[PDB]
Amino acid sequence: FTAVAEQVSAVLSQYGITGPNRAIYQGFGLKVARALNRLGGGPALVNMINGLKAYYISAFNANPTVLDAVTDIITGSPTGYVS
């Protein structure tokens, strides 16, 4: 929880993201972390991550490169592969 927020913040720093837009990525990150915790690695988790990416891009104009980077720092892979 607090760790996830620090992990997202590290990515936001790299990309120079501040202000209200930070909340988009903190929210996405928390959802990815919860999915990983509940589902563990596998196609179900990849489904969830792919769905969240598409939704956040559509609904909030999230930056796809940043979403990949957040996925990577939380799961170990930009596309959510976990053994």
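Counting begins at 1, following the sequence as shown.
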| item | value |
| --- | --- |
| Higher-scoring stretch by recorded Cα B factor average, 49 to 57 or 33 to 41 | 33 to 41 |
| Segment of higher mean CA temperature factor, 13 to 21 or 65 to 73 | 13 to 21 |
| Residue 82 by Cα B-factor - lowest, middle or highest third of the modelled chain | highest |
| Chain third (lowest, middle, highest) by recorded CA B-factor, residue given as residue 4 | middle |
